[PDB]
Amino acid sequence: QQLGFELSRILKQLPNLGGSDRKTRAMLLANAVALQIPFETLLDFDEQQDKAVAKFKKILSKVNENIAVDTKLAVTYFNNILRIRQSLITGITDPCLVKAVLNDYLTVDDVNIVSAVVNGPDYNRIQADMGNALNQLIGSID
Amino acid sequence: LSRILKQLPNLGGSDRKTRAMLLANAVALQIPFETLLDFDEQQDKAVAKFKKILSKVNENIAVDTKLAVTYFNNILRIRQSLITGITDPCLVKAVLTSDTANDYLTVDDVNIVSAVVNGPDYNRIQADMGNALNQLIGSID
Amino acid sequence: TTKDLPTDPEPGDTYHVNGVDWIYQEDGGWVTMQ
Amino acid sequence: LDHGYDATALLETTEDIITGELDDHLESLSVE
Amino acid sequence: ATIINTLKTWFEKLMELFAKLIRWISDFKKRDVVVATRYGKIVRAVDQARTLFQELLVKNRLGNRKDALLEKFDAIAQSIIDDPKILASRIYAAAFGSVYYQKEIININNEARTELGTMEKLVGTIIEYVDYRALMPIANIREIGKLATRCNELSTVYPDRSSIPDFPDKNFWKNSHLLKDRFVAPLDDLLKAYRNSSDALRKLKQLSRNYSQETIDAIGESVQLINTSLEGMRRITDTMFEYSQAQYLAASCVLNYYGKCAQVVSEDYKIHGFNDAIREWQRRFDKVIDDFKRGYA
Amino acid sequence: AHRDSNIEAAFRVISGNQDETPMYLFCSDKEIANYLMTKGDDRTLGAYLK
Amino acid sequence: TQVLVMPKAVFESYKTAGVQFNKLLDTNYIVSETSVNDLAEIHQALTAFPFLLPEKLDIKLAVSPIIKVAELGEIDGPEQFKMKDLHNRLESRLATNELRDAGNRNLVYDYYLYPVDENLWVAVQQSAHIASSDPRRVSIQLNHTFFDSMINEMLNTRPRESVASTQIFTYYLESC
């Protein structure tokens, strides 16, 4: 089972509409591979991106032997999804992920709704104020 | 500190729980995990620093410190899974349709992600690709 | 109760049920006048 | 073949089909 | 014999299917209790806010600024209806005002509440076995398949909203009256039916006795029908639950529309010359917002 | 007839309310009345007239 | 012309996706083809551009997309409130980035010039270099191929004698 054939066999199972099919087909390959490829600990993001894309393009070359995928569009999606993954490991982790993985019931929408009605700051603005109002503490200590 | 904490709307009995989440993110943003180490030495250092930071919650209004540690530890473990790579549709969905993902994707890109991720058979198809890649990603030179 | 409206009406039709007036606009389908 | 050319053995067992459908349904729940 | 092992294996598999579904439905109920509590607050606020604007506009209390403010109001709605959180599926189209889709979803809900009785009868048939072949309720089984099929059609999210005819545009607040009657998934009925079904099968652990072939064939058909029914009802329940979540979002969106519109009135007549009716109206609207906030708090 | 009569100005000058517009009463019999009364919520004419 | 500094990551997205570079100065197009983070990073990359452009030759540095979004959110129109919502998202995302990359501190970037018409000078912000002692001189030496690219292009329209008097021409001579 060559990877190009197995991925193509699975992609054939997506529902069809019309020409929009290449946008949703490319997106799914970008999603699966961008999130599946492990990161090497010795690399920074710049190098990890070049390596991950090189493999991603090679995967498309094998997939394009079985099912048609737009190469330039799939890479566009791949880089966007990969950057999201890199941001999460170095940056802020969304509370929906802590909630999804882990008594957690009241969600973010629930507070963003109230803020929108009163036209005040939402969860993300409060989160930005938290870190900012915390910048001095963390920098001062170790 | 308290000026911004008073910006969070009161919601039932969760006032001590949402701020615990906000604090866990506020610290985890600025203490990175060095990719060089595995999840023991860098993890213990990040957690130890977080617990030391909790020593100043007397300046805050409503922080559940026991839950705040729970949230902080969850963030580090989630980051470990992302570094190693994730395929579980239950977590892949959570990542693809999220507040972070909506900032790196354009409006049209999100519309596409929302069309695949919310498909009636997404979880099955995504799981199958996860195995197709996990078993064969190493075959790609 | 206010979903007793005729199926497949003409565009621009108006239909009154339970004190609610419905215009069948071509774009949005059944929408209240106000 | 897999089992053999006897046309009687080629026929799929109904009880195995019922078990298979139960297994496939439960597998889907584990994925979802 | 091997028949006893076959029956016991099937029964364990069925109970495992219920165990997975019961946990999922309990999670849905827990979330729904939270949503139902907040949904009551939203609808009350929307009804109060809608009345306040109806009075504000019908009496032409805005004066010459009426037209300008209305244009701004449209702009507000356009910024909300295009929120990416609102999926392109027909489930959200119904939640945001579309009538044809809403009727279909309600009809599906009402039918599911009755087909559950069939599921209990299928399990009860197995109890009657462990030639007495029941006539079997395969009929309703055809219907649950069609309902699950349509649910998948409704829940599908298209790359673009233009694929849905009569999708709610900026005029989604005009039909906010349809949100008064909260849509409730049959979560309690599911838990009762599933827990009773699981317990009934649990009481069959002791089988004993060699069974006639006609009894095993009849059991086999019942087991197959139950498996199909559980998968069909799972598809239906998830779609009906999704609409409950979509309706919650739609109600919040209408309330946000009215909240932002009131903010524009306040700012517009703070910059321009305010009247007394405007200040009185705004104080009434502020009371509505305050009650909403206190309800959430 | 509303235009040419200059009726709106007469009402505004007499009443003093510069946002007032006359209301037109339809004086019918019992048979015609059943046809004039329609979607009563929108009991308005071409535009601003009631 | 008008210089629009963007990170390599954003530039490669534009080239790979196939986004019309001509209309990246038109707020209504760039916000449709650009993510919230990319727009914030463009702002950050503009604010980290160390060089003074030849204003005497009508070469200006682009106004960041966040400012353009903020301005449109205050101007009456059919999309004003959607643009206000975009502004709020940009501010929260920008603050989130500033709190994460604040540690960058002492470094300078290599820039690559990609000319687009005569009204847009795309400046790609590439790999960073560490520079703490006299980072001004280090930045100048590193960006040799950026300075001569700018000179080559402005000599297409501007007089040679006028370009020779700019600081960009001087920086080239100082580098080599």
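Points worth noting:
We just call them A, B, C, D, E, F and G in the order they show up, numbering each chain from 1.
In this text, a residue touches a chain if its C-beta (ideal position, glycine included) is under 8 Å from a C-beta of that chain, and two chains touch if they have at least 3 such contacts.
More inter-chain C-beta contacts link the pair A-B than the other of A-B and E-G.
If you average the Cα atoms of chain A and of chain G, the two centres end up 26 Å apart.
Averaged C-alpha coordinates give centres for chain B and chain F that are 64 Å from one another. One inter-chain figure worth recording: chain B and chain D are separated by 41 Å, centre to centre, where each centre is the mean of the chain's CA atoms.
In chain E, 156, 158-160, 260, 293, 296 are the positions where the chain touches two or more neighbouring chains simultaneously. Across the assembly, chain G contributes 35, 37, 89, 96, 99-100 as residues in contact with two or more other chains. Residue numbers of chain B whose C-beta contacts span two or more other chains: 9, 11-12, 29-30, 102, 104-105, 107, 109, 112, 115, 119. Working note: touching chain pairs come out as A-B, A-E, A-G, B-D, B-E, B-G, C-E, C-F, D-E, E-G.
Within the complex, the chain F residues that touch chain C are 39-42. By the touch criterion given at the top, residues 1, 3-4, 7-9, 11-12, 14, 17-18, 21-33, 35-37, 49, 52-53, 56, 70-71, 74-75, 77-79, 82-87, 90-92, 94-96, 98-101, 104-105, 109, 112-113, 115-117, 119, 121, 125-126, 128-130, 132-134, 136-137, 139-141 of chain B touch chain A in their complex. Those residues of chain D that touch chain E in the complex are listed here as 14-15, 18-19, 21-23, 25-26, 28-30. Chain E meets chain A in the complex at residues 30-31, 34, 38, 42, 45, 85, 156, 158-160, 163, 249, 252, 255-256, 259-260, 263, 289, 292-293, 296. Taken in their complex, chain C has these residues touching chain F: 14, 16, 19, 21, 33-34.
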